[PDB]
S.K.: 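Structure below; questions to follow.
The first residue in the sequence is number 1, and the count goes up from there. Computation of the quantities below employed the complete heavy-atom set of this structure, encompassing side-chain atoms and omitting hydrogens, waters and symmetry-equivalent molecules.
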Amino acid sequence: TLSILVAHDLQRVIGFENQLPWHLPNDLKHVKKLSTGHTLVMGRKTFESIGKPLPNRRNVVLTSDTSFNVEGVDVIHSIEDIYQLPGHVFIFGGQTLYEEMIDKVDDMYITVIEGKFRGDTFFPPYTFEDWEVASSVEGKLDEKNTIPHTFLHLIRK
Ligand SMILES: NC(=O)c1ccc[n+]([C@@H]2O[C@H](COP(=O)([O-])OP(=O)(O)OC[C@H]3O[C@@H](n4cnc5c(N)ncnc54)[C@H](OP(=O)(O)O)[C@@H]3O)[C@@H](O)[C@H]2O)c1
Ligand SMILES: COc1cc(Cc2cnc(N)nc2N)cc(OC)c1OC
């Protein structure tokens, strides 16, 4: 099982200046719940942004840099390496990885952030022509979590 795991806004912004544009504790809990006990594949910049590997799952960083050898992180050097990892693999970002993988994955877990953020990094356009909504769940709003948001599980048709 290969899946995309992404949050993006109404214009498919995912990133600004190597961080998430929004503060949304609930999306990160969503991420924790989905990926715990499984495998994340991410690009180097995304990892640097996050600093350390997420506890309680396999962290895999795709990078060209032969000197990368960080404790708790496995490194891969080619996309083709992804297909050799066992178990449930989530493509974790960023833009380059989504572009390379979106035609390849079984499904996508997308948080739609119902807002318009200033961004420098984007999720690629897709159609629901190609993707079936297996589920759509409204995020609940509170004072911790103030941006409307929807969790989609999409499966390739
Ligand atoms: N909203 C979300 O769900 C979400 C999730 C993740 C990240 N983000 C955001 O996305 C942005 C970062 O994305 P980004 O696209 O700029 O960078 P990125 O995907 O985090 O990392 C790009 C780097 O990954 C490595 N890489 C990618 N494809 C490769 C390949 N085929 N072979 C070898 N190495 C490869 C390269 O590392 P080297 O240059 O070291 O070789 C490349 O420079 C940030 O703003 C971040 O906050 C958002
Ligand atoms: C869990 O913390 C982070 C997670 C992510 C990636 C990410 C965040 N949300 C969703 N829905 N999918 C993703 N792939 C990206 C981050 O920074 C760029 C994080 O730290 C702030």
Side-chain angles (χ1 to χ4, degrees), residues 1-16 18-22 24 26-50 52-65 68 70 72-115 117 119-139 147-157:
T1 318
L2 193 73
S3 317
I4 270 163
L5 185 57
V6 66
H8 82 60
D9 81 357
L10 294 166
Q11 316 179 112
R12 270 173 303 94
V13 170
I14 59 162
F16 187 63
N18 284 338
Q19 304 290 134
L20 297 169
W22 43 79
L24 205 50
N26 239 291
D27 169 67
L28 287 182
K29 178 167 257 179
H30 184 273
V31 154
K32 200 205 214 189
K33 182 110 154 166
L34 272 181
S35 58
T36 288
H38 300 292
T39 292
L40 303 180
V41 177
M42 53 179 112
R44 189 260 307 165
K45 298 188 188 187
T46 285
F47 173 76
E48 263 339 325
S49 174
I50 284 160
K52 54 156 212 179
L54 316 188
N56 299 136
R57 62 216 96 162
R58 201 181 185 180
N59 295 241
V60 185
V61 181
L62 169 64
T63 162
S64 64
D65 173 4
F68 187 95
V70 174
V73 169
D74 307 334
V75 55
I76 65 169
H77 292 311
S78 141
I79 283 314
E80 277 296 337
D81 298 322
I82 288 170
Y83 303 131
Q84 256 58 256
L85 314 152
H88 206 174
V89 175
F90 298 90
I91 309 293
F92 206 49
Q95 169 164 344
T96 69
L97 248 189
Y98 293 136
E99 282 168 3
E100 303 173 285
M101 292 312 295
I102 202 87
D103 291 327
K104 298 277 159 182
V105 296
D106 299 314
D107 54 350
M108 318 202 278
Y109 296 87
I110 302 194
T111 310
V112 191
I113 313 274
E114 316 279 358
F117 289 74
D120 57 24
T121 55
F122 283 81
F123 197 76
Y126 56 101
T127 317
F128 281 103
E129 243 216 320
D130 288 351
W131 294 98
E132 162 110 280
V133 183
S135 64
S136 179
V137 188
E138 240 184 62
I147 179 58
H149 57 254
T150 294
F151 307 113
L152 306 180
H153 182 185
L154 312 178
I155 301 187
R156 180 176 316 273
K157 294 195 186 166

S.K.: I'd like a table of donor-acceptor pairs (distance under 3.5 Å, sequence neighbours excluded) in which one partner is a side-chain atom from residues 28-35, with atom names and distances.
M.R.:
residue, atom, partner, partner atom, Å
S35, OG, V31, O, 2.8
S35, OG, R57, NH1, 3.0

S.K.: Going through the distances and angles, do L10 and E114 end up as a side chain to side chain contact (heavy atoms under 4.5 Å, CB included)?
M.R.: CA-CA 6 Å; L10 294 166; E114 316 279 358; 3.4 Å; yes

S.K.: Quick one: which residue pairs count as a side chain to side chain donor-acceptor pair (under 3.5 Å) with a foot in residues 36-46, not counting sequence neighbours?
M.R.: none

S.K.: Quick one: list whatever passes side-chain hydrogen bond (donor to acceptor under 3.5 Å, both in side chains) with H153, sequence neighbours left out.
M.R.: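 Expected list: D107.
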
S.K.: For the residue pair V105 and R156, establish whether any side-chain heavy-atom pair is separated by less than 4.5 Å.
M.R.: yes

S.K.: Would you give the length of the straight line joining atom CD1 of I113 to atom CH2 of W22, rounded to the nearest 0.5 angstrom?
M.R.: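 Spacing of CD1 (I113) from CH2 (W22) equals 5.0 Å.
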
S.K.: What is the distance from atom CG of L2 to atom CE of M101, rounded to the nearest 0.5 Å?
M.R.: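 The distance works out to 4.5 Å.
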
S.K.: Taking all non-hydrogen atoms of both residues, which atom of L20 and which atom of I14 are closest, and how far apart?
M.R.: CD2-O, 3.9 Å

S.K.: Side chain to side chain donor-acceptor pair (under 3.5 Å) with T111: which of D27, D9, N26?
M.R.: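 One option only clears the test, and that one is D27.
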
S.K.: Applying ring pair (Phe, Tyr, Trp, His ring centres under 6.0 Å), name anything that partners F68, two or more places apart in sequence or on another chain.
M.R.: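 Listed in chain order: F47.
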
S.K.: Tabulate below the donor-acceptor pairs under 3.5 Å that side-chain atoms of residues 73-90 make, not counting sequence neighbours, or state none.
M.R.:
residue, atom, partner, partner atom, Å
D74, OD2, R58, NE, 2.7
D74, OD2, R58, NH2, 3.2
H77, ND1, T63, O, 2.6
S78, OG, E80, N, 2.8
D81, OD2, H77, N, 3.1
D81, OD2, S78, N, 2.8
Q84, NE2, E80, O, 3.3
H88, NE2, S3, OG, 2.8

S.K.: Given side chain to side chain contact (heavy atoms under 4.5 Å, CB included), test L97 with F92 step by step and report yes or no.
M.R.: CA-CA 8 Å; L97 248 189; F92 206 49; 5.9 Å; no

S.K.: Has the side chain of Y109 got a donor or acceptor atom that lies under 3.5 Å from a matching backbone atom of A7?
M.R.: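 No, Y109 side chain to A7 backbone: no donor-acceptor pair under 3.5 Å.
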
S.K.: First locate atom CD1 of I91, then atom CE of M42, and finally report the distance between them rounded to the nearest 0.5 Å.
M.R.: 11.0 Å

S.K.: I'd like to know if the side chain of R12 reaches the main chain of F122, judged simply by a donor and an acceptor atom lying under 3.5 Å from each other, with no hydrogens or angles considered.
M.R.: no

S.K.: Hey, what do you get for CG (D120) to CG (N18), rounding to the nearest 0.5 Å?
M.R.: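 Result: 7.0 Å between the selected atoms.
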
S.K.: Just verifying a value: how many Å separate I110 CD1 and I4 CD1, rounded to the nearest 0.5 Å?
M.R.: 7.0 Å

S.K.: If you look only at distance, which donor and acceptor atoms sit under 3.5 Å apart when one is on a side chain in residues 124-134 and the other is two or more places apart or in another chain?
M.R.:
residue, atom, partner, partner atom, Å
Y126, OH, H8, NE2, 3.1

